[PDB]
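See structure below.
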Amino acid sequence: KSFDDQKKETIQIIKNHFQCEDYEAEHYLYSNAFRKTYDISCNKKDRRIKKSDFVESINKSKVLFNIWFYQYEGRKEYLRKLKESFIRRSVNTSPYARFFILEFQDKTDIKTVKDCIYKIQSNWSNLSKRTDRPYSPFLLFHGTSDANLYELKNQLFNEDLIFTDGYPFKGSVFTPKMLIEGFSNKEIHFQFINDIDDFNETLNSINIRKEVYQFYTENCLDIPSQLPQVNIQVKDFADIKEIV
Amino acid sequence: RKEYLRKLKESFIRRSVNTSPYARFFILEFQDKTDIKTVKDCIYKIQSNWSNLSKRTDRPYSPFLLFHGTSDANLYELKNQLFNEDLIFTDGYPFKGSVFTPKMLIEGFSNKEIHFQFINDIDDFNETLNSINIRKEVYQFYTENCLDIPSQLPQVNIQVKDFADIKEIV
Amino acid sequence: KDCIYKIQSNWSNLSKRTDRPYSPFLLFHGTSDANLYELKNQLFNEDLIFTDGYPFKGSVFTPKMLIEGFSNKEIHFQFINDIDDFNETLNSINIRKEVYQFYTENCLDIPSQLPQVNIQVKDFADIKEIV
Amino acid sequence: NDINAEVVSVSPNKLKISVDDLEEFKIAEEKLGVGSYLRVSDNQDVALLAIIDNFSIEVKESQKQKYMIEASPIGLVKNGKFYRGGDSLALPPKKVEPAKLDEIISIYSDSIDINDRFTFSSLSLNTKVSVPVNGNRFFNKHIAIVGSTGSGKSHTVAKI
Amino acid sequence: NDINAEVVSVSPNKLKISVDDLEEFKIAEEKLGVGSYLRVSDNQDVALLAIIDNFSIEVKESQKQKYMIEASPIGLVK
Ligand SMILES: Nc1ncnc2c1ncn2[C@@H]1O[C@H](COP(=O)(O)OP(=O)(O)O)[C@@H](O)[C@H]1O
Ligand SMILES: [Mg+2]
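Protein chains in written order, with my numbering: chain A, 1 to 244; chain B, 1 to 170; chain C, 1 to 131; chain D, 1 to 160; chain E, 1 to 78.
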């Protein structure tokens, strides 16, 4: 019994276990179950685990990274199916309120972060002067120091990438209305959400369809479950550009 | 009282004469004894008189506002109130944690949707001074403390009893 | 009504040439609801269209009806029934507000955050040509 | 950027495209000619492809350079895989770029199997992409090679 | 309302339909194409069914999107 014949039976057994749809079982349940089985097989203190608690620990809206497929089909192909699993697009992209939450650490410099914002802004925005429903992405960054966070925002404004954060002047309170109009503003390229308290306020001010695309490495943030979520582990910030 | 207010309006301001799109600077003395209410009435009188943002024009202009002598607690509170009454202003800080960008003061001067320009403190005022290229005039209005002005700029100094008489002169 | 018509004519711009119209807000106090409603009935019959945030019978106070009526050219002015509706529409209006008080004996209490003037008059008749 | 073009009106089988900036003049010379390929989308994974059928470049006294491109959709590209069919509709406006070499390669390298590929020519507007034909359907369905005298019809005949 | 389309001109065998909103982009892809079936009515009891023959979606600088659908009446649903 080789690896290729064991591939389709492990996919098929998890399909009717959760009674889910087609492409969830390929990457959202199988790759999640492969890590937690390996996380307890390599554990030298506990190996005998009942499968009753294995079901609930797997069924979370989280897509974790595993080293073994990244070595198998490589970085050109592992990120390729990650684009077609949860980042599917059509020709006509509807003007939805798309929220992009990316993990910023001190190990990743500004330069590997900046073109990811350029990748998100170019692919998920239509600031054409001819359209009537313009849309711009929402950007969230977390896990970084405020000095490094303001350092990134300063250099974005110097190369003509105009954004808003709900702070139109120095000393302003957080007004989410300027975030709302910047979504429909053609001169505002994207929206920069500063904090979590900044984040939780602007869902309540949005009546249109909302979407969250989380791309993180270590720590996840508890986004409310009734929004559509895409939570994806990556190794470093360089992979996030190739998925969006 | 009435004859006092008539003299400084005619002598220094000349509201009807000056209609050219110049970068006019209004430096005001904000103190703790003056509440936010009478400050807002002056700012609305400055913006209505010394700006032209009508759609028929081709050379729009907006005044520059600077406040000194007050704390930052009520300076930001006045700024927060002024934004809520749809009096859109820029002060060189388009986002949180930004450095002072004078180019936002350059573009907001010619922007019709931007009613006036705020200046937080002294070194912000000195930095945009080298960023304006066109003719600038400073109309300093003060009660007890006067601010230094560069000697190469057209400056007027007007002394008032308190902040209430100020909107009458403007 | 002569004071209301003078306030409406002087302090509104409902012409079609402008792009930022405005209408005054009217408040009355010290009188009973019997003649306050009778005044409201007489104004509506003379094609002086107004609103008070009560678009239908048995309605909770809707401050956004005074918001649209401020910018509506077909609504000449905005009526306010009493103090409780006055403070409710105060927090709903974001733009600059001024209070103009014309009282003979009893003066209402205005919040101290608004630019307010108080005018003392001998009667109601001389209020008309002050505005 | 170098080119700023977008779709201003669509038809069942035709798109009107207006070029707004056209900063680099070398894009218009080879990549905006008649019969060239344009990428019509707002993202970089799913797009329409279009043959340029006609164009009209008007210039005048004070108004801007009126560059209009008439294009017809030939199919769909999804993650580098080309699908034939003009049934897909692009809602305007859609950002228009000349197609990169990988999409043009994927036009001819997808409908024909790798063992069935019979390459004897390359595309005229883009030399770097070779055009293979289905050598099965090339010879069963008979070949009619047509040209004027001195056009190279016999040189084409012998090269096949 | 996901769709807002409405007849603006009537011929003996032709209709002019103007789409005003187009909130859902998915309706235009597979339900507003040529040969699709349109329901022309002011109620949900009696209707006219139509074949879409032609369409044109123009966009310009300032004014709104002009989506014009050319259809022909093909029958009656009671
Ligand atoms: N693939 C090619 N690339 C460039 N030139 C070609 C090619 N094939 C033919 N020609 C040119 O076309 C010219 C005409 O020759 P040919 O087409 O054989 O004439 P005819 O079709 O009348 O017999 C030749 O002189 C040759 O240089
Ligand atoms: Mg020959």
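Note that the Cβ used here is the ideal one computed from N, Cα and C, for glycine as well.
Alpha carbon to alpha carbon, what distance is there between residue j and residue i?
{"i": "residue 121 (chain E)", "j": "residue 21 (chain E)", "result": "Any question about residue 121 (chain E) goes unanswered here, given that chain E covers just 1 to 78."}
{"i": "residue 58 (chain B)", "j": "residue 187 (chain A)", "result": "21 angstroms"}
{"i": "residue 41 (chain E)", "j": "residue 49 (chain E)", "result": "9 angstroms"}
{"i": "residue 51 (chain B)", "j": "residue 44 (chain B)", "result": "11 angstroms"}
{"i": "residue 25 (chain C)", "j": "residue 45 (chain D)", "result": "56 angstroms"}
{"i": "residue 6 (chain A)", "j": "residue 13 (chain A)", "result": "11 angstroms"}
{"i": "residue 23 (chain A)", "j": "residue 84 (chain A)", "result": "9 angstroms"}
{"i": "residue 27 (chain D)", "j": "residue 110 (chain D)", "result": "26 angstroms"}
{"i": "residue 14 (chain D)", "j": "residue 153 (chain D)", "result": "32 angstroms"}
{"i": "residue 51 (chain D)", "j": "residue 32 (chain D)", "result": "10 angstroms"}
{"i": "residue 141 (chain B)", "j": "residue 73 (chain B)", "result": "21 angstroms"}
{"i": "residue 5 (chain D)", "j": "residue 115 (chain A)", "result": "23 angstroms"}
{"i": "residue 71 (chain B)", "j": "residue 36 (chain B)", "result": "12 angstroms"}
{"i": "residue 26 (chain A)", "j": "residue 98 (chain D)", "result": "35 angstroms"}
{"i": "residue 49 (chain B)", "j": "residue 239 (chain A)", "result": "55 angstroms"}
{"i": "residue 106 (chain B)", "j": "residue 93 (chain B)", "result": "13 angstroms"}
{"i": "residue 169 (chain D)", "j": "residue 53 (chain A)", "result": "Here chain D has residues from 1 to 160 only, and residue 169 (chain D) is not among them."}
{"i": "residue 171 (chain A)", "j": "residue 89 (chain B)", "result": "13 angstroms"}
{"i": "residue 31 (chain A)", "j": "residue 10 (chain A)", "result": "11 angstroms"}
{"i": "residue 67 (chain A)", "j": "residue 2 (chain A)", "result": "20 angstroms"}
Between the options, which has its C-alpha nearest residue i's C-alpha?
{"i": "residue 71 (chain D)", "options": "D:26, D:65 and D:86", "result": "D:86"}
{"i": "residue 62 (chain C)", "options": "C:93, C:118, C:109 and C:123", "result": "C:93"}
{"i": "residue 149 (chain B)", "options": "B:16, B:166 and B:26", "result": "B:26"}
{"i": "residue 68 (chain B)", "options": "B:134, B:55, B:124 and B:156", "result": "B:124"}
{"i": "residue 151 (chain A)", "options": "B:14, B:19, B:95 and B:140", "result": "B:95"}
{"i": "residue 121 (chain D)", "options": "D:155, D:39 and D:75", "result": "D:155"}
{"i": "residue 18 (chain E)", "options": "E:24, E:3 and E:29", "result": "E:3"}
{"i": "residue 149 (chain A)", "options": "A:178, A:195 and A:136", "result": "A:195"}
{"i": "residue 241 (chain A)", "options": "A:129, A:113, A:164 and A:193", "result": "A:113"}
{"i": "residue 160 (chain D)", "options": "D:143, D:106 and D:90", "result": "D:143"}
{"i": "residue 140 (chain A)", "options": "A:92, A:2, A:46 and A:220", "result": "A:220"}
{"i": "residue 30 (chain D)", "options": "D:89, D:107, D:124 and D:10", "result": "D:124"}
{"i": "residue 112 (chain C)", "options": "C:87, C:131 and C:130", "result": "C:87"}
{"i": "residue 73 (chain D)", "options": "D:102, D:150 and D:7", "result": "D:7"}
{"i": "residue 12 (chain D)", "options": "D:94, D:146, D:149 and D:88", "result": "D:88"}
Which residues in chain E sit within 8 angstroms of residue i, going by Cβ to Cβ distance?
{"i": "residue 87 (chain D)", "result": "33"}
Could you name the residues of chain B that residue i contacts, counting a contact when the two beta carbons are closer than 9 angstroms?
{"i": "residue 172 (chain A)", "result": "76, 79, 80, 83, 93 and 96"}
{"i": "residue 194 (chain A)", "result": "95, 96 and 97"}
{"i": "residue 163 (chain A)", "result": "94 and 95"}
Who are the neighbours of residue i on chain D, taking C-beta pairs under 8 angstroms?
{"i": "residue 56 (chain E)", "result": "9, 10 and 11"}
Whose Cβ in chain B lies nearer than 8 angstroms to the Cβ of residue i?
{"i": "residue 43 (chain A)", "result": "Ordered by position in chain B, no residue passes the 8 angstroms Cβ test against residue 43 (chain A), which lies about 43 angstroms from the chain."}
Note down, in chain order, each residue of its chain lying with its Cβ closer than 6 angstroms to the Cβ of residue i, except the 5 sequence neighbours on either side.
{"i": "residue 210 (chain A)", "result": "97 and 227"}
{"i": "residue 117 (chain D)", "result": "132"}
{"i": "residue 179 (chain B)", "result": "In the structure as shown, chain B starts at 1 and stops at 170, and residue 179 (chain B) therefore has no counterpart that could be examined."}
{"i": "residue 14 (chain C)", "result": "21 and 73"}
Name, please, each residue of chain C whose Cβ falls closer than 7 angstroms to the Cβ of residue i.
{"i": "residue 37 (chain B)", "result": "113 and 115"}
Name the chain D residues whose beta carbon is nearer than 7 angstroms to that of residue i?
{"i": "residue 24 (chain E)", "result": "Those within 7 angstroms of residue 24 (chain E) in chain D number zero; the least Cβ separation is about 11 angstroms."}
{"i": "residue 131 (chain A)", "result": "93"}
{"i": "residue 89 (chain A)", "result": "43, 45 and 46"}
{"i": "residue 28 (chain E)", "result": "89 and 91"}
Grab me the residues of residue i's own chain with a C-beta within less than 8 angstroms of its C-beta, minus the 5 sequence neighbours each way, in chain order.
{"i": "residue 143 (chain B)", "result": "29, 31, 159, 160, 161, 162 and 163"}
{"i": "residue 178 (chain B)", "result": "An answer regarding residue 178 (chain B) cannot be provided, because it is not within the stretch 1 to 170 covered by chain B."}
{"i": "residue 7 (chain B)", "result": "none"}
{"i": "residue 75 (chain E)", "result": "48 and 49"}
{"i": "residue 90 (chain D)", "result": "7, 10, 15, 40, 41, 48 and 73"}
With 7 angstroms as the threshold, decide whether the Cβ of residue i is near any Cβ in chain G.
{"i": "residue 50 (chain D)", "result": "Among the chains of the structure shown, chain G does not appear; the protein chains present are A, B, C, D and E."}
What does residue i touch in chain A if you count any residue whose Cβ is under 8 angstroms from its own?
{"i": "residue 72 (chain B)", "result": "171"}
If I measure Cβ to Cβ from residue i and keep anything under 7 angstroms in the same chain, skipping five residues before and after, which residues do I get?
{"i": "residue 59 (chain E)", "result": "65"}
{"i": "residue 15 (chain B)", "result": "49"}
Can you list the residues of chain E that residue i reaches, using a CB-CB cut of under 9 angstroms?
{"i": "residue 92 (chain A)", "result": "25, 26, 28 and 29"}
Under 8 angstroms between beta-carbons, which chain C residues line up against residue i? List them in chain order, please.
{"i": "residue 41 (chain B)", "result": "115"}
Counting only Cβ pairs nearer than 9 angstroms, list the residues of chain C close to residue i.
{"i": "residue 86 (chain B)", "result": "94, 95 and 96"}
query = Whole beta strand (DSSP E) runs in the stretch 73-138 of chain A with 3 or more residues, listed along the chain?
reply = Listed in chain order, the beta strand (DSSP E) elements of length 3 or more contained wholly in the stretch 73-138 of chain A are 97-103.
request  = Let me know the alpha helix (DSSP H) ranges lying completely inside the stretch 28-112 of chain D, each 4 residues or longer, listed in chain order.
outcome  = Segments of the alpha helix (DSSP H) lying fully in the stretch 28-112 of chain D: 101-108.
query = Which ranges would you report for the alpha helix (DSSP H) in the stretch 116-159 of chain D if only whole runs of at least 4 residues count?
reply = With a minimum length of 4 residues, the continuous alpha helix (DSSP H) runs that stay inside the stretch 116-159 of chain D are 135-139 and 153-159.
message = Which complete alpha helix (DSSP H) runs does the stretch 70-100 of chain C hold, if anything under 4 residues is left out?
response = As far as the stretch 70-100 of chain C is concerned, its whole alpha helix (DSSP H) runs of at least 4 residues are 83-92.
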